[PDB]
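Everything on this sheet refers to the single structure shown next.
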Amino acid sequence: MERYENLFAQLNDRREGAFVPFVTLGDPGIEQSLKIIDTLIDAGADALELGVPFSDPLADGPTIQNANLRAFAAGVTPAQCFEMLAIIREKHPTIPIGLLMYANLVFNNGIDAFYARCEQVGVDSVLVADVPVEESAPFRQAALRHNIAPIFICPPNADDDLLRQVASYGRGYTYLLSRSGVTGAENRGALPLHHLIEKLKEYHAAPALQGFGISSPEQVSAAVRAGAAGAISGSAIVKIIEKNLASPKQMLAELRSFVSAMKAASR
Amino acid sequence: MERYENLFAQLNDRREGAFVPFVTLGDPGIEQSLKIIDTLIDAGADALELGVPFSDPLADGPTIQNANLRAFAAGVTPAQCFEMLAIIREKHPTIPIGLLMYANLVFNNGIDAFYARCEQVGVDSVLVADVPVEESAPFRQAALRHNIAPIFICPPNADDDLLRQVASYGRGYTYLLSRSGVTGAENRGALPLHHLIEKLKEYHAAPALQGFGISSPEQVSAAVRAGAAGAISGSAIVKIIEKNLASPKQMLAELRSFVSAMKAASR
Amino acid sequence: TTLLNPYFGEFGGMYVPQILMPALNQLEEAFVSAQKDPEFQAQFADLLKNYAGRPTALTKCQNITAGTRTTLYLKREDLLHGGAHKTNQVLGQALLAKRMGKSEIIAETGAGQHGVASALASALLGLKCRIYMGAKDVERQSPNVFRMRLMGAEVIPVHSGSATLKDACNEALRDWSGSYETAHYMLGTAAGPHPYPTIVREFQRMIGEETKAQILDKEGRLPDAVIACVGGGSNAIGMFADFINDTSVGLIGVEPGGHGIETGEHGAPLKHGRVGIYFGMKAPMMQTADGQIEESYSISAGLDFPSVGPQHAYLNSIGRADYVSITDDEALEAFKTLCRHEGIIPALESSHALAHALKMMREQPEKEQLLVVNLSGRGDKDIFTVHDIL
Amino acid sequence: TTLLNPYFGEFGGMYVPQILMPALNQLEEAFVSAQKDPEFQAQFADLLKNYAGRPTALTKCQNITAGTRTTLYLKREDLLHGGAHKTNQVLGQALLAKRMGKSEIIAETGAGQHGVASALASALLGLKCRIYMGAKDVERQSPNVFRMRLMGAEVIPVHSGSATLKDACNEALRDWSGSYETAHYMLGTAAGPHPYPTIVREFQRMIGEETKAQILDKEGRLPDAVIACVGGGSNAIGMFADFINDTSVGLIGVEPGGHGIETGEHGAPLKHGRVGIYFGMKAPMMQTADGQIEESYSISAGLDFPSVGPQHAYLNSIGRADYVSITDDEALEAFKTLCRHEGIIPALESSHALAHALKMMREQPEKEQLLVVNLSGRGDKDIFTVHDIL
Ligand SMILES: *Cc1c(COP(=O)(O)O)cnc(C)c1O
Ligand SMILES: *Cc1c(COP(=O)(O)O)cnc(C)c1O
Ligand SMILES: O=C[C@H](O)COP(=O)(O)O
Ligand SMILES: O=C[C@H](O)COP(=O)(O)O
Ligand code: NA
Ligand code: NA
């Protein structure tokens, strides 16, 4: 399949950037997480970035640490996540679905088997957060054998050799980090990313989605203006979950309002 | 004065040994201790051996440790002991009164001054328990300048040089230890003391009083038969105090009964 | 690209987010440079000798072995400043931090010994130290926490996950992911992403070097085996390293068997766990069937690292080293035996190593064998634990 | 009659009941013989080196002295096996006990460090050890009491008198008065009846001998002064002994000033008590006006001996050594300062010595001076005390 390529073509025809929310699958329970995801899509998400609960999420700040804790309190397992993913794909045939995973969950039962399972349920891409390019060979090879785009992070401290590698190896989109650190809506990246963005385009990298710290409409429009293809927002979304745990209905209303606003900013 | 010499002459004329009780001055209070002492004399004590309460009585077993604790609970001081001694001498003009002291109380305000105070109140002798012959020079010299007999212990582990020294330096009586260890009525000496006794007489030592562990009449008669001039009993007496603290009248009756019995055994 | 191989066979690697790779490459290059630098080597040796108290004694234990043909020596890391072998490598890492121009230290700790060690080195060398510690561990190690603070380090409780060592490991890496330009991460064992397994072995290898010279002096030959406990693998690789090429010398590492391997309440991932990828490396891990990382269990708090150094997994795979386990009750028995027969109170960690030596002796008392146990630390810290059990 | 002079000027002597004099003469003769015996000297040196961890380091403290003209070294007895200097002399006394054919050891202890030391030496050397300890001290030193028992010693609480160190001293002597044929009394400081002051100095004098060689190596000259705390006097005489004939080297001993000398709640009998006769010797004592012996008060439990070694009273009288005092708050400040600036936790006893060095530096910061402080022990035992105060 070529869902990212079809999306970015469509968006380019409308001179629009992508708005891509992140949530942790199963936070705060399977049924509510499925409803959350449908709301994100109905309110204008162009693609999804989705996490699988893990015991030791070392690239995540407290907001996402807490989403994982909530999912674990609900008993959420990787196998349950895969069933959710199949169900999400059965409802929504074209939206790109990307996973953001920790290495041990990919390697656990065999790297090839993980990518095969992603292809069976309809996932389009996988970013493994704790696998740098230097260790990526078996992951990217397995991804490509199963028609899954392997995603790499382009960090702010990237040198030219890394840009070339990222551009060569990645598919679907390039994850352009806003800043150093871990995920979190509190901490906004402010570094100029124009140069990295141009260098990636020069090297024919997959289109760039800016992520980490994106929590407001003006940051979506800023990312698109700098030349990125879009932006990812996770902690900001997850905080709406955390603040509304006691009112599931109000939780969906606020998610709708926020995603609608963030998506409007990409146009 | 020559109270020990007069006593031993008198006793020799009656073929009798001396019976000499020990108590701690001021145990269990000044007034009761004075009454205890008068009872010991009325019941037949030939001489007295008297302790002054001290913080660290390292030659004493638990019975006498406790007498010291009781005297301290009553606030008994060395100066109060000296007043008691003067009063005891004023009541009883001929009985030999010997002190058994720890060194620090003798050295505290000056060794010479201590012996001078003993002469002023009428004491006849002083044994300093933690001064061996090798350290005795200033003590014996001060004693002799103030007409006080310096007493030495002849231990069971005594060699010939020690016997000669004890015989040369001592006056009044020689303290013949029944055994190694510390004071206490529980532990009876059983070593044959005949040889030490003969050697002391050969060297013209002061007459021997056996002490430590003497708690029964048969031990008094045994000491006299072996050639000693008498016997000292302290813990046995002190235990009668300790067991009768709640009945001062019964305490004096039992002390009378015991001293009478011990004195009868010396005849 | 790296200067040194990041793998020991299939184990090891550099599984960190991309943003931390420059910090690892910088550290590897600083280390390679320091190892050829006579001034760095002289400075490290001076602190080891005149501050930490090296060389440490090699003590023969004839009362323990009486009546048998075992001769047993203990390498006395319990006499090193701080009471455990960890002091050796924190001093070298502190010096590497200064060589790179860093002024701040981040460290993780479980039982607290690594945190005390990191705080003391940082106090001596003028570095600002912050320590991450699982909140459950903070609660049960109040003495160590107070020592760290007396030494001027900041101790930050970690409440995420299981609130124990692995979660402090995560938090340390989250911090470094944002502060690597000014801060060095002073990792506490011979594990984690390259180059840490290699640097920690080389900054502990004086344990084995001294042992070799000491045993040759006293017995005129090498040991039949050297025996060491394995929490994360630092004291054991420091003892083993100099003997790896001496093929006649056995290398035995002892993981904690806890309540017994069959109970599942143990800390023996090398022989009884499953390979995974966590904490920057591919190595045997304590983990569930679905791949969630779990804790190690031992009566000894310091054998709590839920994985093991990749060099040990490699030495095991090729059969150069053998790994076994010792239970809580076996370790307690060895602790009691050393106290009573040699007047040395061993750490409950080290007691695992001594317990396995005692089994080698007792099971074949007429076998002639010259054994060295690495006595990795002192056990004054363990007397309450032992008192309460007993 | 004795082989060696039992007095240091007017101080010292053998003020024990006559029954104990043969035991003292026997011990003096065994000691004189051992000191000329190459095999005894080799055996003692071997235990000191390979069991206890001698020589101990001499550590320069540049962070503490920055900005001043003081250079300060610490002699690291905190790194000796057991954590304090007491281990040196219990090993020698254990060997003297065996030389005389004795199989049992009696010892007293206040804070417990001497009891642990005696128990460890007795465990190593096959002696049956019994320890006397004031019941008030038993209650407040549960850790030490448990260490003694883990090492196989019998600990007997003493309830007489004040139920503290002096009363344990008495009880030890009462026992020996009855058991001297089979038991050696392993006295805990350089005090008591001759020959103990002399034997304990000679079995501690390697502290000063090593210091001298170490300072000559590092600075090419002797110290301007060596500074040590004075509880009973052992660590201080062990540091001072080798420098007594080096007239340019100051010898400063530091008694505990407690709450302040003027309060009367102190432990400084050498400069603020009165000479008496107790514990077998004539020496300055804490005592009332009527001559009853009293306790020493200090925040540090181990500076509790209510008198002082007769050699110190003699060195003071002739002006070869100078004695001063340091209060509880000064000792606490020095403890905090060493932890934070050098990463070493000092015993609160040793902290008195370090506090006086810090005053010498701070009061005249432009005076050039090379100082050695005897760091008599480690302070891990004192962290609760310090935590509670703070
Ligand atoms: C920390 C510690 C250990 C365990 O760590 P390793 O890295 O496996 O050596 C073992 N012994 C002691 C005394 C420790 O402090
Ligand atoms: C016992 C002790 C002291 C006091 O005793 P001294 O005989 O005066 O040395 C001092 N420092 C430490 C660490 C001790 O354990
Ligand atoms: O891609 C997922 C991350 O969660 C995005 O970063 P964030 O949480 O800082 O928005
Ligand atoms: O001379 C006084 C002693 O108290 C006598 O010994 P004792 O107490 O064993 O009888
Ligand atoms: Na482990
Ligand atoms: Na003192």
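How things are named: the first chain in the structure tokens is A, the next is B, and so on; residues count from 1 in each chain; ligands count from 1 in the order shown.
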Distance filter 8 Å, only C-alpha atoms, chain B against chain D, as a ChimeraX atom specification: /B:54-61,65,69,77-78,103-105,107-109,129-135,153-157,180-182
Compile the residues of chain C that lie within 9 Å of chain D, evaluated using only C-alpha atoms, and express the compilation as an MDAnalysis selection string. chainID C and resid 49:60 63 76 78:83 117 119:126 143 146:147 149:153 336:345 380 383:384 387
List as a PDB file with N, CA and C atoms, in the first residue's frame the protein and nucleic acid residues lying within 12 Å of ligand 5, with only C-alpha atoms and all ligand atoms counted.
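Contents of the output file result.pdb:
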```pdb
ATOM      1  N   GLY C 110      20.158   1.880  42.686  1.00  0.00           N
ATOM      2  CA  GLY C 110      19.142   0.986  43.257  1.00  0.00           C
ATOM      3  C   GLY C 110      19.276   0.990  44.789  1.00  0.00           C
ATOM      4  N   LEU C 165      15.082   0.364  40.437  1.00  0.00           N
ATOM      5  CA  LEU C 165      16.293   0.663  39.657  1.00  0.00           C
ATOM      6  C   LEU C 165      16.033   0.870  38.195  1.00  0.00           C
ATOM      7  N   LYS C 166      15.331  -0.039  37.553  1.00  0.00           N
ATOM      8  CA  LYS C 166      15.099   0.194  36.116  1.00  0.00           C
ATOM      9  C   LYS C 166      14.442   1.561  35.826  1.00  0.00           C
ATOM     10  N   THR C 189      27.129   0.252  36.193  1.00  0.00           N
ATOM     11  CA  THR C 189      27.577  -1.154  36.046  1.00  0.00           C
ATOM     12  C   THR C 189      28.153  -1.361  34.621  1.00  0.00           C
ATOM     13  N   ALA C 190      28.661  -2.562  34.359  1.00  0.00           N
ATOM     14  CA  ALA C 190      29.222  -2.837  33.026  1.00  0.00           C
ATOM     15  C   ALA C 190      28.138  -3.285  32.041  1.00  0.00           C
ATOM     16  N   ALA C 191      27.189  -2.382  31.872  1.00  0.00           N
ATOM     17  CA  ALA C 191      26.041  -2.646  30.991  1.00  0.00           C
ATOM     18  C   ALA C 191      25.633  -1.315  30.415  1.00  0.00           C
ATOM     19  N   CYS C 229      30.148 -12.342  42.313  1.00  0.00           N
ATOM     20  CA  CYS C 229      28.694 -12.124  42.133  1.00  0.00           C
ATOM     21  C   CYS C 229      28.476 -11.245  40.898  1.00  0.00           C
ATOM     22  N   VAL C 230      27.271 -11.385  40.325  1.00  0.00           N
ATOM     23  CA  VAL C 230      26.873 -10.722  39.090  1.00  0.00           C
ATOM     24  C   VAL C 230      25.462 -10.111  39.311  1.00  0.00           C
ATOM     25  N   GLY C 231      25.469  -8.774  39.546  1.00  0.00           N
ATOM     26  CA  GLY C 231      24.235  -7.965  39.638  1.00  0.00           C
ATOM     27  C   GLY C 231      24.067  -7.389  38.217  1.00  0.00           C
ATOM     28  N   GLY C 232      24.921  -6.418  37.831  1.00  0.00           N
ATOM     29  CA  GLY C 232      25.020  -5.941  36.478  1.00  0.00           C
ATOM     30  C   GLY C 232      26.293  -6.428  35.805  1.00  0.00           C
ATOM     31  N   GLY C 233      27.291  -6.804  36.582  1.00  0.00           N
ATOM     32  CA  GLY C 233      28.487  -7.385  36.010  1.00  0.00           C
ATOM     33  C   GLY C 233      29.828  -6.637  36.209  1.00  0.00           C
ATOM     34  N   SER C 234      29.822  -5.472  36.862  1.00  0.00           N
ATOM     35  CA  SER C 234      31.076  -4.730  37.007  1.00  0.00           C
ATOM     36  C   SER C 234      32.161  -5.392  37.871  1.00  0.00           C
ATOM     37  N   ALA C 236      32.524  -8.405  38.720  1.00  0.00           N
ATOM     38  CA  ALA C 236      32.907  -9.697  38.145  1.00  0.00           C
ATOM     39  C   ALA C 236      33.793  -9.481  36.890  1.00  0.00           C
ATOM     40  N   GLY C 253      30.730 -16.739  37.494  1.00  0.00           N
ATOM     41  CA  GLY C 253      29.921 -15.616  37.949  1.00  0.00           C
ATOM     42  C   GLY C 253      28.668 -16.119  38.636  1.00  0.00           C
ATOM     43  N   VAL C 254      28.273 -15.464  39.724  1.00  0.00           N
ATOM     44  CA  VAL C 254      27.135 -15.918  40.518  1.00  0.00           C
ATOM     45  C   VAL C 254      25.969 -14.949  40.555  1.00  0.00           C
ATOM     46  N   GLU C 255      24.856 -15.295  39.910  1.00  0.00           N
ATOM     47  CA  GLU C 255      23.675 -14.459  39.942  1.00  0.00           C
ATOM     48  C   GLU C 255      22.843 -14.870  41.167  1.00  0.00           C
ATOM     49  N   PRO C 256      22.001 -13.959  41.619  1.00  0.00           N
ATOM     50  CA  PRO C 256      21.130 -14.269  42.763  1.00  0.00           C
ATOM     51  C   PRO C 256      19.968 -15.156  42.366  1.00  0.00           C
ATOM     52  N   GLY C 257      19.839 -16.235  43.126  1.00  0.00           N
ATOM     53  CA  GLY C 257      18.758 -17.174  42.917  1.00  0.00           C
ATOM     54  C   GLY C 257      17.486 -16.840  43.744  1.00  0.00           C
ATOM     55  N   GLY C 258      17.552 -15.811  44.594  1.00  0.00           N
ATOM     56  CA  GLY C 258      16.413 -15.360  45.356  1.00  0.00           C
ATOM     57  C   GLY C 258      15.831 -16.491  46.210  1.00  0.00           C
ATOM     58  N   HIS C 266      13.678 -14.438  41.503  1.00  0.00           N
ATOM     59  CA  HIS C 266      15.127 -14.517  41.456  1.00  0.00           C
ATOM     60  C   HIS C 266      15.656 -13.303  40.691  1.00  0.00           C
ATOM     61  N   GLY C 267      16.960 -13.277  40.522  1.00  0.00           N
ATOM     62  CA  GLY C 267      17.576 -12.226  39.692  1.00  0.00           C
ATOM     63  C   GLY C 267      18.691 -12.766  38.848  1.00  0.00           C
ATOM     64  N   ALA C 268      18.372 -13.802  38.082  1.00  0.00           N
ATOM     65  CA  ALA C 268      19.355 -14.550  37.311  1.00  0.00           C
ATOM     66  C   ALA C 268      19.020 -14.531  35.803  1.00  0.00           C
ATOM     67  N   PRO C 269      18.987 -13.352  35.207  1.00  0.00           N
ATOM     68  CA  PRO C 269      18.590 -13.284  33.772  1.00  0.00           C
ATOM     69  C   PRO C 269      19.594 -13.945  32.829  1.00  0.00           C
ATOM     70  N   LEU C 270      20.877 -13.951  33.183  1.00  0.00           N
ATOM     71  CA  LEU C 270      21.842 -14.538  32.260  1.00  0.00           C
ATOM     72  C   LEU C 270      21.487 -16.002  31.987  1.00  0.00           C
ATOM     73  N   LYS C 271      21.158 -16.786  33.030  1.00  0.00           N
ATOM     74  CA  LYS C 271      20.922 -18.231  32.813  1.00  0.00           C
ATOM     75  C   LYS C 271      19.463 -18.558  32.745  1.00  0.00           C
ATOM     76  N   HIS C 272      18.595 -17.670  33.235  1.00  0.00           N
ATOM     77  CA  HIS C 272      17.127 -17.952  33.385  1.00  0.00           C
ATOM     78  C   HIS C 272      16.241 -16.850  32.892  1.00  0.00           C
ATOM     79  N   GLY C 273      16.760 -15.907  32.089  1.00  0.00           N
ATOM     80  CA  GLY C 273      15.877 -14.908  31.516  1.00  0.00           C
ATOM     81  C   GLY C 273      15.817 -15.123  30.028  1.00  0.00           C
ATOM     82  N   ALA C 283      20.709  -7.889  25.513  1.00  0.00           N
ATOM     83  CA  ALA C 283      21.300  -8.737  26.523  1.00  0.00           C
ATOM     84  C   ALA C 283      20.141  -9.565  27.166  1.00  0.00           C
ATOM     85  N   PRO C 284      20.473 -10.633  27.861  1.00  0.00           N
ATOM     86  CA  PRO C 284      19.456 -11.359  28.672  1.00  0.00           C
ATOM     87  C   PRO C 284      18.750 -10.453  29.691  1.00  0.00           C
ATOM     88  N   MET C 285      17.387 -10.520  29.792  1.00  0.00           N
ATOM     89  CA  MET C 285      16.623  -9.575  30.599  1.00  0.00           C
ATOM     90  C   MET C 285      15.639 -10.354  31.492  1.00  0.00           C
ATOM     91  N   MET C 286      15.268  -9.795  32.634  1.00  0.00           N
ATOM     92  CA  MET C 286      14.101 -10.271  33.338  1.00  0.00           C
ATOM     93  C   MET C 286      12.901  -9.611  32.607  1.00  0.00           C
ATOM     94  N   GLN C 287      12.005 -10.428  32.074  1.00  0.00           N
ATOM     95  CA  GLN C 287      10.868  -9.807  31.330  1.00  0.00           C
ATOM     96  C   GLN C 287       9.700 -10.739  31.216  1.00  0.00           C
ATOM     97  N   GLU C 294      10.874  -6.625  33.869  1.00  0.00           N
ATOM     98  CA  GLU C 294      10.493  -6.901  35.279  1.00  0.00           C
ATOM     99  C   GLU C 294      11.676  -6.735  36.170  1.00  0.00           C
ATOM    100  N   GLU C 295      11.410  -6.782  37.466  1.00  0.00           N
ATOM    101  CA  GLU C 295      12.493  -6.566  38.451  1.00  0.00           C
ATOM    102  C   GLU C 295      13.276  -7.815  38.717  1.00  0.00           C
ATOM    103  N   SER C 296      14.493  -7.633  39.241  1.00  0.00           N
ATOM    104  CA  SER C 296      15.215  -8.793  39.769  1.00  0.00           C
ATOM    105  C   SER C 296      14.890  -8.859  41.262  1.00  0.00           C
ATOM    106  N   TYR C 297      14.731 -10.071  41.806  1.00  0.00           N
ATOM    107  CA  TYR C 297      14.513 -10.260  43.267  1.00  0.00           C
ATOM    108  C   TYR C 297      15.763 -10.902  43.892  1.00  0.00           C
ATOM    109  N   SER C 298      16.281 -10.335  44.991  1.00  0.00           N
ATOM    110  CA  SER C 298      17.311 -10.971  45.804  1.00  0.00           C
ATOM    111  C   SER C 298      17.204 -10.438  47.243  1.00  0.00           C
ATOM    112  N   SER C 300      19.704  -9.547  48.650  1.00  0.00           N
ATOM    113  CA  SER C 300      20.645  -8.446  48.515  1.00  0.00           C
ATOM    114  C   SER C 300      20.147  -7.382  47.555  1.00  0.00           C
ATOM    115  N   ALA C 301      19.981  -6.180  48.074  1.00  0.00           N
ATOM    116  CA  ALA C 301      19.419  -5.090  47.319  1.00  0.00           C
ATOM    117  C   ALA C 301      20.281  -4.748  46.106  1.00  0.00           C
ATOM    118  N   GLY C 302      21.580  -4.962  46.206  1.00  0.00           N
ATOM    119  CA  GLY C 302      22.471  -4.499  45.156  1.00  0.00           C
ATOM    120  C   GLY C 302      22.627  -5.420  43.965  1.00  0.00           C
ATOM    121  N   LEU C 303      22.013  -6.582  44.013  1.00  0.00           N
ATOM    122  CA  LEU C 303      22.068  -7.502  42.819  1.00  0.00           C
ATOM    123  C   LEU C 303      20.720  -7.329  42.026  1.00  0.00           C
ATOM    124  N   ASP C 304      20.139  -6.116  42.089  1.00  0.00           N
ATOM    125  CA  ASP C 304      18.806  -5.781  41.531  1.00  0.00           C
ATOM    126  C   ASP C 304      18.754  -5.390  40.054  1.00  0.00           C
ATOM    127  N   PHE C 305      19.872  -5.257  39.375  1.00  0.00           N
ATOM    128  CA  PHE C 305      19.836  -4.867  37.958  1.00  0.00           C
ATOM    129  C   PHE C 305      19.160  -5.942  37.170  1.00  0.00           C
ATOM    130  N   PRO C 306      18.069  -5.619  36.483  1.00  0.00           N
ATOM    131  CA  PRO C 306      17.287  -6.676  35.864  1.00  0.00           C
ATOM    132  C   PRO C 306      17.830  -7.259  34.546  1.00  0.00           C
ATOM    133  N   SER C 307      19.083  -6.968  34.230  1.00  0.00           N
ATOM    134  CA  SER C 307      19.679  -7.565  33.050  1.00  0.00           C
ATOM    135  C   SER C 307      21.093  -7.945  33.462  1.00  0.00           C
ATOM    136  N   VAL C 308      22.037  -7.939  32.532  1.00  0.00           N
ATOM    137  CA  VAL C 308      23.395  -8.304  32.884  1.00  0.00           C
ATOM    138  C   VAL C 308      24.293  -7.729  31.765  1.00  0.00           C
ATOM    139  N   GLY C 309      25.560  -7.472  32.080  1.00  0.00           N
ATOM    140  CA  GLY C 309      26.466  -6.896  31.065  1.00  0.00           C
ATOM    141  C   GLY C 309      26.643  -7.802  29.851  1.00  0.00           C
ATOM    142  N   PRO C 310      26.665  -7.201  28.657  1.00  0.00           N
ATOM    143  CA  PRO C 310      26.712  -8.009  27.451  1.00  0.00           C
ATOM    144  C   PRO C 310      28.006  -8.853  27.366  1.00  0.00           C
ATOM    145  N   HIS C 312      29.351 -10.501  29.732  1.00  0.00           N
ATOM    146  CA  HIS C 312      29.139 -11.770  30.447  1.00  0.00           C
ATOM    147  C   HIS C 312      28.297 -12.730  29.569  1.00  0.00           C
ATOM    148  N   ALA C 313      27.256 -12.178  28.911  1.00  0.00           N
ATOM    149  CA  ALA C 313      26.457 -13.043  28.057  1.00  0.00           C
ATOM    150  C   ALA C 313      27.328 -13.658  26.972  1.00  0.00           C
ATOM    151  N   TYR C 323      28.321 -19.562  34.577  1.00  0.00           N
ATOM    152  CA  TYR C 323      27.458 -18.786  35.479  1.00  0.00           C
ATOM    153  C   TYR C 323      26.533 -19.732  36.235  1.00  0.00           C
ATOM    154  N   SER C 325      23.894 -19.837  40.153  1.00  0.00           N
ATOM    155  CA  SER C 325      23.116 -18.980  41.032  1.00  0.00           C
ATOM    156  C   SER C 325      23.178 -19.548  42.467  1.00  0.00           C
ATOM    157  N   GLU C 349      25.740  -9.033  48.766  1.00  0.00           N
ATOM    158  CA  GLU C 349      26.040  -9.260  47.330  1.00  0.00           C
ATOM    159  C   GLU C 349      27.188 -10.258  47.252  1.00  0.00           C
TER     160      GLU C 349
END
```
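Using only C-alpha atoms and all ligand atoms, residues with at least one atom at most 8 Å away from any atom of ligand 3 are residues 21, 22, 23, 49, 50, 51, 60, 61, 63, 64, 100, 182, 183, 184, 185, 186, 187, 211, 212, 213, 214, 215, 232, 233, 234, 235, 236, 237 and 238 of chain A.
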Same residues, N, CA and C atoms, output as a compact mmCIF listing (two decimals), in the first residue's frame:
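Listing of result.txt after writing:
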```txt
# COMPACT_ATOMS: atom_id res chain seq x y z
N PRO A 21 -2.08 13.53 15.21
CA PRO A 21 -2.05 13.32 16.63
C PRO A 21 -1.43 12.00 17.08
N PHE A 22 -0.81 11.98 18.27
CA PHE A 22 -0.36 10.76 18.90
C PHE A 22 -1.24 10.42 20.13
N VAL A 23 -1.57 9.15 20.26
CA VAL A 23 -2.11 8.68 21.55
C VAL A 23 -1.48 7.30 21.86
N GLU A 49 -0.46 8.58 14.86
CA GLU A 49 0.81 8.03 15.39
C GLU A 49 0.32 7.35 16.68
N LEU A 50 0.66 6.07 16.89
CA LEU A 50 0.06 5.36 18.01
C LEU A 50 1.13 4.59 18.80
N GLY A 51 1.07 4.65 20.12
CA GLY A 51 2.06 3.99 20.99
C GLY A 51 1.48 2.69 21.54
N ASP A 60 10.00 9.22 26.69
CA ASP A 60 8.79 9.97 27.04
C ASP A 60 8.82 10.76 28.34
N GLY A 61 8.24 11.96 28.31
CA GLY A 61 8.11 12.77 29.51
C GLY A 61 6.92 12.24 30.33
N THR A 63 3.86 13.13 30.80
CA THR A 63 2.48 13.02 30.31
C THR A 63 2.29 11.61 29.70
N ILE A 64 3.23 11.22 28.84
CA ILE A 64 3.10 9.92 28.21
C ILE A 64 3.48 8.76 29.18
N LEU A 100 4.66 4.10 17.10
CA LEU A 100 5.90 4.62 17.70
C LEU A 100 6.14 3.58 18.81
N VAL A 182 12.84 14.80 25.89
CA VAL A 182 11.86 13.73 25.73
C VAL A 182 10.50 14.33 25.40
N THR A 183 9.50 13.50 25.13
CA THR A 183 8.20 14.08 24.73
C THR A 183 7.63 14.96 25.86
N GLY A 184 6.80 15.96 25.48
CA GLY A 184 6.14 16.78 26.52
C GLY A 184 5.71 18.09 25.90
N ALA A 185 4.47 18.46 26.21
CA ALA A 185 3.84 19.64 25.68
C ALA A 185 4.35 20.91 26.38
N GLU A 186 4.87 20.77 27.60
CA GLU A 186 5.37 21.92 28.36
C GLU A 186 6.55 22.60 27.62
N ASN A 187 7.50 21.77 27.15
CA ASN A 187 8.76 22.17 26.49
C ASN A 187 8.71 22.35 24.94
N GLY A 211 7.92 16.91 15.16
CA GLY A 211 7.32 16.42 16.42
C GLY A 211 8.19 16.64 17.64
N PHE A 212 7.51 16.62 18.80
CA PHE A 212 8.00 16.95 20.17
C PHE A 212 7.65 18.41 20.49
N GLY A 213 6.86 18.58 21.56
CA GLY A 213 6.50 19.93 22.06
C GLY A 213 5.41 20.69 21.24
N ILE A 214 4.81 20.12 20.20
CA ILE A 214 3.83 20.85 19.36
C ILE A 214 2.49 20.80 20.07
N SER A 215 2.05 21.96 20.59
CA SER A 215 0.85 21.96 21.36
C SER A 215 -0.13 23.09 21.02
N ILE A 232 3.31 16.64 14.23
CA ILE A 232 2.73 15.63 15.14
C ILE A 232 2.57 16.24 16.53
N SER A 233 1.44 15.93 17.17
CA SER A 233 1.19 16.39 18.56
C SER A 233 0.73 15.24 19.44
N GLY A 234 1.46 14.95 20.53
CA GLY A 234 1.04 13.81 21.32
C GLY A 234 0.68 14.21 22.73
N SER A 235 1.68 14.72 23.48
CA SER A 235 1.41 15.12 24.86
C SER A 235 0.24 16.07 24.99
N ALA A 236 0.11 17.00 24.07
CA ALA A 236 -1.02 17.91 24.14
C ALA A 236 -2.34 17.18 24.06
N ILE A 237 -2.41 16.16 23.22
CA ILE A 237 -3.63 15.37 23.10
C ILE A 237 -3.85 14.55 24.36
N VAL A 238 -2.77 13.89 24.81
CA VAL A 238 -2.83 13.01 25.94
C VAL A 238 -3.23 13.77 27.19
```
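In this model, the gap between CA of residue 208 in chain D and CA of residue 372 in chain D comes to 10.2 Å.
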Hey, what's within 7 Å of range 26-35 of chain B if we count only C-alpha atoms and toss same-chain stuff fewer than 5 positions away? As a compact mmCIF listing (two decimals) with N, CA, C and O atoms, in the first residue's frame, please?
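What landed in part_1.txt:
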```
# COMPACT_ATOMS: atom_id res chain seq x y z
N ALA B 67 25.78 -2.80 98.03
CA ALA B 67 25.82 -2.03 99.27
C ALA B 67 26.26 -0.63 98.91
O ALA B 67 25.78 0.34 99.49
N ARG B 70 23.35 1.17 97.40
CA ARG B 70 22.44 1.65 98.46
C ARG B 70 22.96 2.89 99.24
O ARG B 70 22.21 3.87 99.50
N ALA B 71 24.23 2.85 99.64
CA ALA B 71 24.83 4.00 100.33
C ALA B 71 24.79 5.30 99.49
O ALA B 71 24.51 6.42 100.01
N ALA B 74 21.46 6.85 99.44
CA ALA B 74 21.29 7.61 100.69
C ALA B 74 22.17 8.86 100.73
O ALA B 74 22.12 9.57 101.72
N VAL B 76 25.43 9.06 100.83
CA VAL B 76 26.57 8.93 101.76
C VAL B 76 27.88 9.40 101.14
O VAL B 76 28.25 8.94 100.07
```
